[PDB]
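Residue numbers (full-length UniProt numbering): 147 to 206, 210 to 249, 252 to 370.
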Amino acid sequence: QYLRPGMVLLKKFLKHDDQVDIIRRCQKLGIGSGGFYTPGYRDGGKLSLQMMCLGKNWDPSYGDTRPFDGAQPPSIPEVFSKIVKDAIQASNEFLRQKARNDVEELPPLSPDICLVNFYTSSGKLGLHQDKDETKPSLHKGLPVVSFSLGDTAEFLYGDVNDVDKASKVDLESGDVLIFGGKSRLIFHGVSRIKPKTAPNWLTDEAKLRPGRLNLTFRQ
Ligand SMILES: O=C(O)CCC(=O)C(=O)O
Ligand SMILES: [Mn+2]
């Protein structure tokens, strides 16, 4: 649960039907206009990764359409935003209960982007900061809220671009991870996808392919 100031991991936060619904909506959004593509560049490097944005588009920074094909991203489903807000509320309640030092509290989020990352089993994403948001967003420490579904990721995090100084946590299917405030500019990334770790009920009900779906909400 508490990983460092303003960084909370909510285990198995996503409900059954919400996990299925997320996958089904992403499968459909993923094949249409503004769907998944293989990025030519990601800060930190990458392997076996495809992405698509909902809300604002995030290109190699932010815009209304993808330059390479002109497609407008699908908007962020209202259910996704609701679950983001619930995660932030639950984290703030936890932080209030944990207070001994200042009381910690994460800023609210009204996300206008969702980056959807899909990793196959050989997937990885190198260490980087989420630093492309506007200066006021960053200065306010508005959090990043990350959903995990499917196979488990080994997620690295730390203060610098060196794995030797990074911590590791597993992000398992259903987990929501939040980093804001003093943790907003952590270096972070995905070192490994653990094969064959997605819950069977999810693979079966959502017809989920091998790998991991991440949704990362910001601004
Ligand atoms: O897949 C993850 O959990 C990391 C997502 C991420 O850091 C990003 O795409 O900016
Ligand atoms: Mn990131």
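Beta carbons: idealized from backbone N, C-alpha and C, even for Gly.
query, result
"At what residues does the beta strand (DSSP E) containing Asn365 begin and finish?", "363-369"
"Looking at the unbroken beta strand (DSSP E) that takes in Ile344, where does it start and where does it end?", "338-344"
"Determine the DSSP secondary structure at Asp218, reduced to helix, strand or coil.", "coil"
"Name the two residues that bound the continuous beta strand (DSSP E) containing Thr354.", "Counting along the chain, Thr354 falls outside any beta strand (DSSP E), though it belongs to the alpha helix (DSSP H) covering 351-357."
"Please determine if the segment 252-265 and the segment 292-311 are in contact, where contact requires at least 3 C-beta pairs separated by less than 8 Å.", "yes"
"Going by the CB atoms, is the gap between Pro223 and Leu200 shorter than 8 Å?", "yes"
"Identify which residue in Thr354, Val233, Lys202, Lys282 has its Cα closest to the Cα of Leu156.", "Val233"
"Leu336 and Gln280 look like a contact to me (Cβ under 8 Å); what is the Cβ gap, rounded to whole Å?", "5 Å"
"Buried or exposed: which applies to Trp352, given that a residue is buried once 16 or more other Cβ atoms fall within 10 Å of its Cβ?", "exposed"
"In this structure, what does DSSP give as the bridge partners for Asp321?", "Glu305"
"How would you label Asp302, buried or exposed, when you count the other beta carbons within 10 angstroms and need 16 or more for buried?", "buried"
"Give me, in chain order, the residues of the same chain whose beta-carbon lies closer than 8 Å to that of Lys345; leave out the 5 immediate sequence neighbours on both sides.", "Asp302, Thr303, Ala304, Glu305, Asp321"
"Determine, using beta carbons only, whether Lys319 and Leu307 come nearer to each other than 8 Å.", "yes"
"At what residues does the beta strand (DSSP E) containing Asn241 begin and finish?", "First-last for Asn241: 227-247, but that is the alpha helix (DSSP H), not the beta strand (DSSP E)."
"Output the distance between the C-alpha atoms of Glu284 and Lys174, rounded to the nearest integer angstrom.", "27 Å"
"Given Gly277, which residues of its chain have a CB within under 6 Å of its CB, disregarding the five upstream and five downstream residues?", "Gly190, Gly191, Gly340"
"Once you ignore the five residues that flank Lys282 on each side, which residues in its own chain have a CB closer than 8 Å to its CB?", "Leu289, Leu336"
"Is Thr367 near ligand 2 - that is, is its Cβ less than 7 Å away from at least one heavy atom of it?", "yes"
"Do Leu193 and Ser273 have their C-beta atoms within less than 8 Å of each other?", "yes"
"Taking the beta strand (DSSP E) that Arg171 falls in, what are its first and last residues?", "Counting along the chain, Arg171 falls outside any beta strand (DSSP E), though it belongs to the alpha helix (DSSP H) covering 162-177."
"Whole-angstrom Cβ separation of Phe269 and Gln196, contact assumed at under 8 Å?", "5 Å"
"Quick check: the Cα distance between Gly186 and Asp355, rounded to an integer number of angstroms?", "32 Å"
"Determine which residues share a DSSP beta bridge with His279 and list them.", "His339"
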